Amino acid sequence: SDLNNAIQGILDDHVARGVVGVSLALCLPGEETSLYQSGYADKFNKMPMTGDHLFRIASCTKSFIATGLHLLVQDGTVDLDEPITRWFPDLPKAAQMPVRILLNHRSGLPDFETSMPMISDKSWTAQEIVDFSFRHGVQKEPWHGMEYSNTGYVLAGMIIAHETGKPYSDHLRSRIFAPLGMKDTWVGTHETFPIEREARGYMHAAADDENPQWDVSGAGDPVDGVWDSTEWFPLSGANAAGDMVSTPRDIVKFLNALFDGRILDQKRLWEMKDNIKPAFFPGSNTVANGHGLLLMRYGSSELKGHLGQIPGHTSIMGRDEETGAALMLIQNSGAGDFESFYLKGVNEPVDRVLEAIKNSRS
């Protein structure tokens, strides 16, 4: 179709801007999921990007962790409004933190990401990350305002572990991946995924990478303007805040089932996508968030989903609630600065795709 050529062109043009490669899973109303790729999964071996290449989806992990927690609220063992002192009695301010505050980025919890070395071989535990956050981060008052929190989801992950007697991956696998037949999806803290299948991730030496968000000391020298950042950071360091590996195809399966009421009951789905307040994420299109989903605005269209940034893999997932269109776009190019083209520019082909869908629909 014409939409097919228009979408493929949008991807080609984005790769031609300097992006190494891009993989898209798009699902439209009345149609099967269609996959598109452009550019490379491996820059130096010139291996074409396929719809089978795996990516680190970074904080899109957070939508699955929120889902995991909402499922436990349904099981009846967790209450969104109960104080987390039940699980973390000695966590400062825990009494002023209901369970939901872990999911909505208004907890005021000290964060770890800006302090955590991206280049290491260090294995992390959940508690260790929490300790590291209170050591190096700044705590604000619960409900102070919106400030993106990774710590919140590490704590959510620990509630899941406590309430299920097992790693959070087992709960996510048994309750989300298996039922949906998501065969190309792993939780990197607790599970081994096959690296040979993973698209390589590239960090760009770029002029607009002025204020890097990560400690990337020890990168060594760039080859051909890039670093192969794929195995820089051990996923245990992101834990429940961003440790998942998946394909666009697998992600779009999840989005469809979530929004089609096939995972969470109506009330918990509503908590996730509809019980919203204003939200900000630097460089992004984010305008609001619920309890596990960001609302991201693209002109006259909006995605309910998430963004992901982990060295070299830059992802956008979401459902457009108006048209029923679901998507996951992941490029294997990135940088450190939130406002760098290689990070914030991922929003450009997403914007263009949504206006191409909209144009074929008029």
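All residue numbers are counted from 1 along the displayed sequence.
Enquirer: Would you tell me which stretch averages the higher CA B-factor in the PDB entry, 287-295 or 91-99?
Expert: Per the PDB record, 91-99.
Enquirer: Mean CA B-factor: is it higher for 46-54 or for 307-315?
Expert: Per the PDB entry, the higher value belongs to 46-54.
Enquirer: Highest Cα B-factor in the PDB entry belongs to which of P282, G145, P83, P222?
Expert: The C-alpha B-factor peaks, among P282, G145, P83, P222, at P222.
Enquirer: In the PDB entry, which of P278, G157, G165, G108 has its C-alpha at the highest B-factor?
Expert: So the option with the highest C-alpha B-factor is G165.
Enquirer: Lowest, middle or highest third: where is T323 by Cα B-factor in its chain?
Expert: Within its chain, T323 is a highest-third residue by C-alpha B-factor, going by the deposited values.
Enquirer: What third of the chain, by the recorded C-alpha B-factor, contains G181?
Expert: Ranked within chain, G181 CA B lands in the highest tercile.
Enquirer: How does the C-alpha B factor of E302 compare with the rest of the chain: lowest, middle or highest third?
Expert: Tercile = middle for this residue's CA B-factor.
Enquirer: Thinking about Cα B factors across the chain, which third does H136 belong to?
Expert: Highest third, going by the recorded CA B-factors of the chain.
Enquirer: Name the third of the chain's ranked CA B-factors that contains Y153, choosing lowest, middle or highest.
Expert: As the PDB entry reports it, the C-alpha B-factor of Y153 lands in the lowest third of its chain.
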